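No Cβ is skipped: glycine too gets one built from the backbone with ideal geometry, and neighbour counts run over all protein chains shown. Please treat every number below as a calculation from the coordinates, not as lab data.
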Amino acid sequence: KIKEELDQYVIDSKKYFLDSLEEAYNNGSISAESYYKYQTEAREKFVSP
Amino acid sequence: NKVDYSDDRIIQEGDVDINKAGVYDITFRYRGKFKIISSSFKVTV
């Protein structure tokens with residue numbers, strides 16, 4: 001039940017991260033370098049713990 | 001420098017209903033090399 005809950009936690013936090021990161025970039029509240037920094041960051045951090 | 005409005009980097013958001021009387025929210029986004037910028041305008045039929 002830890003693995004079942006943290007799989008939904010890893011997936012929903014990645015989905016929430018990569019819908020505010022694309023929102024902030026398209027609105028323009030973040031730079032192009034910082035958008036590429038936190039896209040490689042979500043690929044490496046928001047993964048199975 | 002001056003660039004044309006039909007460039008590949010310009011992305012528009014939504015549609016203007018020319019067939020329907022009403023004001024519409026249309027925002028254009030130009031993806032620069034360093035940041036995307038946004039400017040909204042209202043289009044009344």
Out of everything in chain A that is of a type in the set (A, V, I, L, M) and assigned to a loop (DSSP other than H, G, I, E, B), what residue ends up being farthest from B:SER40 (Cα to Cα)?
A:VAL47
Qualifying residue in segment A:2-21 (condition: closer than 25 Å to B:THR27 by Cα, within 13 Å of chain B (Cβ to nearest Cβ) and either polar (S, T, N, Q) or surrounded by 14 or more Cβ atoms within 10 Å (Cβ to Cβ) (or both))
yes
Can you spot a residue in segment B:23-42 that is more than 10 Å from every other protein chain (Cβ to nearest Cβ) and in a loop (DSSP other than H, G, I, E, B)?
no
Within segment B:1-13, track down each residue that is surrounded by 11 or more Cβ atoms within 10 Å (Cβ to Cβ) and either outside any loop (DSSP other than H, G, I, E, B) or among the small types (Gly, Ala, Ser) (or both).
B:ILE10, B:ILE11, B:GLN12, B:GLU13
